[PDB]
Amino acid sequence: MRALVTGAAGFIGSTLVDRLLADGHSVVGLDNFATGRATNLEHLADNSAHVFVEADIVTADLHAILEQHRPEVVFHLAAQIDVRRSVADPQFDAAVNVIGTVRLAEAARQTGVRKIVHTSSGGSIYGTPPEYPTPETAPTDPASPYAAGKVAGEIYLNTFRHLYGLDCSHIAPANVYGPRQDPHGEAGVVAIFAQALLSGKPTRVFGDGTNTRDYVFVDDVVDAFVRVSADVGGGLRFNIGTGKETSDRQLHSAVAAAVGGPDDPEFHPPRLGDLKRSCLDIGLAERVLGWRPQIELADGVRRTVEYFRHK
């Protein structure tokens, strides 16, 4: 297939580019380096099956770009990803995550694209549901601008599906970790902990440290993107996670053991916008896509911590 990946210079995006190329596809990458890194794509410099376009999804001529490259599937990973930043500047977050998605959809419906695979946020969109693990049937109840924008993006794509028959599916990951996650980023606890503990710098945990997330390895998430890119799951969201809960304190201990030093984090006040509990029911992904996560947290952290020691 001809594929285009927005957010291609990022953590998940660059990993997806690699997989798509390995699968024999031609891949156009698109990014504006808001949070992405040149080093994530530097290995592809001489791969003729890959072309890179520097573009801001908010302002670029996406019509022209998509007309030029004629992708069959657009994998949409470009976003403002920081929940705290979304609270600090909700307009900016909405511009990238809602307006950017709308512009992409409008471009795609005119340029013969078959399908857009959106990236939602399984970890945040449900707020505090009564069910854990949380199924896709649970109503959305976003508690941060970031989460709201992700839901809004799903809804807009569903709208374009009705209007033009432009197919869409929403990959809604839990908390994704692994090689290439920015260690210096404001988000990405697994990367943050590793970077700090390996440097021997202070680590922090928020609240009492009982807040919980569902940790899924990047390779598993990438596989879900591939599976959903076919003619399937139209207008549907798929939770992509493990369905297992790990508290902030538990995670710190799991990374501290992997480093092999002290397990003594500081305790800081709760962060406005952050949920207390997150865990995804992944049954739908199994039934419909035949997708299951292969990597358990212990194995995953092991692959991750050893990536960071080489850097």
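Sequential numbering from 1, following the sequence displayed. Here the rigid core means the biggest group of C-alpha atoms that line up within 1.5 Å when the two forms are laid on top of each other.
A fit on the rigid core, followed by a root mean square over CA positions in 5 other deposited structures of this protein, ranks 123 to 131 against 182 to 190 and picks 182 to 190 as the more shifted one.
With every structure aligned by its rigid core, 41 to 49 is the stretch of 41 to 49 and 60 to 68 whose CA positions lie farther away in 5 other deposited structures of this protein. The mean Cα B-factor in the deposited entry runs higher for 179 to 187 than for the other of 179 to 187 and 234 to 242. When 37 to 45 is weighed against 245 to 253, 245 to 253 comes out higher, by mean CA B-factor as recorded in the entry.
Taking the deposited Cα B-factors for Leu30, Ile65, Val259, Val58, the highest one is held by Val259. Annotation for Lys150: CA B-factor lies in the lowest third of the chain's modelled residues. For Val205, the recorded CA temperature factor ranks within the highest third of the chain's modelled residues. The entry lists a Cα temperature factor for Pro90 that places it in the lowest third of the chain's modelled residues. Sort the chain's modelled residues by C-alpha temperature factor and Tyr215 lands in the middle third, per the entry.
Split the chain's modelled residues into thirds by C-alpha temperature factor. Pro130 is in the highest one.
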